[PDB]
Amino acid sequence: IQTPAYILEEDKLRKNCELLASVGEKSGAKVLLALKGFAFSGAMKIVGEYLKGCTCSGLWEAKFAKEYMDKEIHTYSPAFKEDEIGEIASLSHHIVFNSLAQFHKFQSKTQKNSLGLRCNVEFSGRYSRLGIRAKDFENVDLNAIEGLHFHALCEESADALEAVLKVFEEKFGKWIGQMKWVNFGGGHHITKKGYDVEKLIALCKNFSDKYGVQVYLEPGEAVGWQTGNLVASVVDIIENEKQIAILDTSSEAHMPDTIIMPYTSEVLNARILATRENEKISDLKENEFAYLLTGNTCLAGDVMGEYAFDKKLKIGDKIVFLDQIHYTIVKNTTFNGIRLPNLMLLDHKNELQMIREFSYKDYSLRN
């Protein structure tokens, strides 16, 4: 590994997609990759051996689905524009509108697509712009709408989906039986250890039998969950009261959700002792060595955390940030002109494959 690099493990992605395929086969639901979280171009054909297509937020994702996967394309945007709707309609099997005005504006340009409406389920979200509330369905012509859609969950359980479906059916139930399909969105933490997979299958099966509809699920995170790591090197080690490792990667540019959320990444063969925000998480044990892990941007707060290792770090050691393929790459930056981590794939034969190697132009042509 020339560093930094995001490295997706084929074997792990395959195990995730096997489980998701199993959910679809046992429940009758169709499972789609939500590209927002996980769009790893080197793995799109692999994902497509298992899943039915992509869910896409607009033109660029729809184009990406077409090019990389070429399976079903489902497109939802809070904001379709006039200049893009034609190409989106040419590519998309399903198009979900966020408002009735959007539906009405674009219905005549989407006559070959199966149309849906996003439903605001209003379930603990106040003042959300996403979806249509139930009261606004009264009096509206739904003859041209074949699907209802919701997305209401983030890193959640089968029990949470049950709770959402209960409210979805109480508020929207009069309009469900007349649809061909319903899309339960994403946020289902299906490949996480301990998730109640049998419950999800039963919920999807039971709903489909109850209303005679095709169920769709559109996980993003669950596809990329624990499928790979960001690998960095120790470039320098300095002392300022604590021992501090400066790495060739950056929180802010390469793991931006660690700063936004905020959260602290786990590190292979290490334990988190304290967060960058100085929250104490654990105490150092015997025969452990504490380091601040820090990044290569010029920012004062480019700090991953304080971590306990069981050996001393040396310049040139590799640090492995765990579970860094979803909601990372898709949102990363070239801030401060920091060299981007290459995208790599560890294939089923344990051979490392370069998928994208970035260069100066990735930075210069974006400024």
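One-based numbering along the sequence shown.
S.K.: Between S124 and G125, count the deposited residues left without coordinates and pick a bin: none, 1 to 3, 4 to 9, 10 or more.
M.R.: A long stretch, 10 or more residues, is missing between them.
S.K.: Select between 346-354 and 15-23 the stretch whose C-alpha atoms have the higher average B-factor in the entry.
M.R.: Comparing 346-354 with 15-23, the higher mean C-alpha B-factor belongs to 15-23.
S.K.: Per the PDB record, is the mean Cα temperature factor higher over 231-239 or over 126-134?
M.R.: Of 231-239 and 126-134, the stretch with the higher C-alpha B-factor average is 126-134.
S.K.: Between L322, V47, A39, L299, where does the Cα B-factor run highest in the record?
M.R.: Checking the PDB record, the top C-alpha B-factor among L322, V47, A39, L299 is at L299.
S.K.: At the C-alpha atoms, which of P256, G185, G212, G295 reaches the highest B-factor in this entry?
M.R.: That would be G212, according to the entry.
S.K.: Split into thirds by Cα B-factor across the chain's modelled residues, where does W175 land: lowest, middle or highest?
M.R.: Ranked within chain, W175 CA B lands in the highest tercile.
S.K.: Grab the CA temperature factor for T110 from the record and place it in the lowest, middle or highest third of its chain.
M.R.: Ranked within chain, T110 CA B lands in the highest tercile.
S.K.: By the record's CA B-factor, is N269 among the lowest, middle or highest third of residues in the chain?
M.R.: Its C-alpha B-factor, which the entry lists for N269, ranks in the middle third among residues of this chain.
S.K.: When the modelled residues of the chain are sorted by Cα temperature factor, does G337 land in the lowest, middle or highest third?
M.R.: Middle third - that is where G337 ends up once the chain's C-alpha B-factors are sorted.
S.K.: Split into thirds by Cα B-factor across the chain's modelled residues, where does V96 land: lowest, middle or highest?
M.R.: For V96, whose C-alpha B-factor we compare with every modelled residue in the chain, the answer is the middle third.
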